[PDB]
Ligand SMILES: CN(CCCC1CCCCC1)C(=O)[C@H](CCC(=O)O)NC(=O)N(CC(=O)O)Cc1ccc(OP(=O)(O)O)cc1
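Coming up is one lone chain in structure tokens, specifically the form deposited without the ligand.
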């Protein structure tokens, strides 16, 4: 899908996700820079107290037919992960919403 950002560092993802223009729930999926085989979901969040923030999530490889963040909720594929959390937040910070821009420094249409 568009959402797969390959191997940028935590930084380079934080700078993308910290764009004023991103809706809450904007995301990217990245490879696990220097701890590898795994992934990371990166989601922009917002609260009124602390403002724009972004949280990181490890996507574990079940060495198999499988990926998960929590043991309680498991997927066949990364597209199944993303399509689930797009519909239900299930204990993430927020539902998935936009895919992240690329960037420099991107303004969103209507």
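Numbering follows the first chain given and starts at 1.
Just so it is clear, the following notes concern the form solved in complex with the ligand, a form of the same protein that is not shown.
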Checklist outcome for this item: In this shown form the pocket that the ligand occupies in the entry with it bound, once superposed onto the local C-alphas and checked for 3 or more atoms within 2.4 Å of backbone or C-beta atoms, is open
Checklist entry - in the entry with it bound, do 30, 33 and 91 all put a heavy atom within 4.5 Å of the ligand? => result yes
Checklist entry - 84, 57, 46, 67: which sits within 4.5 Å of the ligand in the entry with it bound by any heavy atom? => result 57
Next on the checklist: Contact with the ligand in the entry with it bound for residue 10, defined as at least one heavy atom pair within 4.5 Å: yes or no?
Outcome noted: yes
